[PDB]
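What follows is one chain in C-alpha cells, specifically the form deposited in one PDB entry.
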C-alpha cells in the first residue's frame, strides 16, 4: 500500500540522464506506474477504441459536437472532457482532414502544462526536462518539424492564435523535437498499437537492444517492471524498437529518430542478423516491401485485407522462403492476428505455430510480445483439443507474463483458468 521509490534519476557518462535502481530488483518487480502527461488514440484506431480508456468495446458513441472522438460510456466521455474540450472544435473544423498524431497529442500537452496541480507523470522528470536533441538534428528533420509547427498552428487556430496564450518557457519547435524523441506507443492487451502518449518520468530510461526492463500498458496506464535481476546503481534500460529488426535497421532508426548509435553487445556483434535475413535477398525483399502496405492495413484494423495479402505472400514463398526470416515472420504474425479477429481459429493456429520457434530465438527470455504470442498459440491449441501442447504453451506464457505483465494482471487470471481447464483434460483423457 506504500511501496517506496526503488528507482532514481542520475547523470550517465555519455547517454545524458538515465534511470537506475536504488535497491536490488527481482524479475517481475514493479518499478514505476504512470499515467500519461497527455495521450491520444492513434490515427488508425480512432473510432475503433474508446478515446479515454483505449479499450476496443463493441459499440461506441461519438461526441455529438465533433463526431471524431468516440467513447465506450458516459463515464469515459465525461472523464475525457478536460482532455477533449479544447480540441473538439479543432477536430470539427479540420474535417474531413484529420491531424497527425503528434499534432493532436501536443495539442493536449500544452493545456496540461498550465494545470498547476502537480502531475504524477512528471515526478522524476518534467516535460521541459525532456531531451530534444536540437543540436544533433539534421536539416531534413528540422524542415519536417517546421511543417508540424505550421500544421499545429492551423489545426489549433480556433483555440490558440498567439504564443502569448501558452506558457513563455514553452517553445513549439522544441516541443515537437521532444515529442518525436520521447513519446511512447501505447499498446493494448493483444499488443496492438492503439495510441501514443508522453510519460516524462518514464522517458528517463535509456535504450538497449538487450533491456533489463519491460513496459506494458493498462489502457493509457504505463507499468514499468524489471525482467531480470538488477543490481544497486545499475542503469535501467528498455528497448525503444521492435525486436524483429536487423542491427542495420536498428542503427538507422535510432539515428534518424533518437540521434544516437547503440553500442550494446547485440549491435556490436550483429547478433542474430544472419537468422533474421535467412534466405535470398531477391526473395525476402519483396516481402519486406509488401510489409509496409500490410502493417498500415493492420493499424487501420482492416483484417480482411490483411489476411488476403498475407496468405498470398505466404503461399507464394512456401517453397523458397523459410519462416524464420523476419519479414516472412511478420507476415505470419499478421496473418495469425487477422484470422483470430475473423473467427478463423484453425487457420490462425496454422500460422501461429510457425511463429513459435523464431519468436523464441529473436526475443529475449522474458518479453511481453513473446509472452502474449505464446498465450495466443496455447489458446488456439486449447480450442483444438491439443491439450498437452496447449498446457506446455500456457505454462510458458504464464512463466513469461508473470514477469512482464505481473501477477496482478487480468491476462494472468484468464491464463490460470485456462491452465486449470487444460490440466483437467490431461488427467481426464
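Throughout, rigid core stands for the largest set of C-alpha atoms superposing within 1.5 Å between the two forms. Numbering follows the first chain given and starts at 1.
One more form of this protein should be noted, the form solved in complex with a small molecule, which is absent from this view; the next part is about it.
Contact with the small molecule in the deposited complex, judged as any non-hydrogen atom within 4.5 angstroms, is confined among 315 to 323, 183 to 191, 161 to 169, 278 to 286 to 183 to 191. When you look in the deposited complex, the only residue of 403, 69, 380, 41 with a non-hydrogen atom within 4.5 Å of the small molecule is 380. Site residues 396, 399 and 412 are none of them in contact with the small molecule in the deposited complex, judged by any heavy atom within 4.5 Å. In the deposited complex, the small molecule sits within 4.5 Å of a heavy atom belonging to residue 340. In the deposited complex, the small molecule lies within 4.5 Å of some heavy atom of residue 376. Heavy atoms of residue 49 never reach within 4.5 Å of the small molecule in the deposited complex, leaving it off the interface. Contact check for residue 372: a non-hydrogen atom falls within 4.5 Å of the small molecule in the deposited complex. Among the candidates 320, 146, 293, 136, the CA atom that moves 2 angstroms or more between the shown form and the other one after core superposition belongs to 320 alone. The Cα position of residue 410 differs by 2 Å or more between the shown form and the other one after fitting on the rigid core. Residue 343 is not among the residues whose C-alpha shifts by 2 Å or more between the shown form and the other one once the rigid core is aligned; its shift stays under 2 Å. When two forms of a protein are overlaid on their rigid core, residues whose CA moves 2 Å or more are considered shifted, and residue 210 is not one of them between the shown form and the other one. Distance between the C-alpha atoms of residue 317 and residue 375: longer by at least 3 Å in the deposited complex than in the displayed form. Closer approach of the C-alpha atoms of residue 77 and residue 116, by 3 angstroms or more, is seen in the deposited complex than in the present form.
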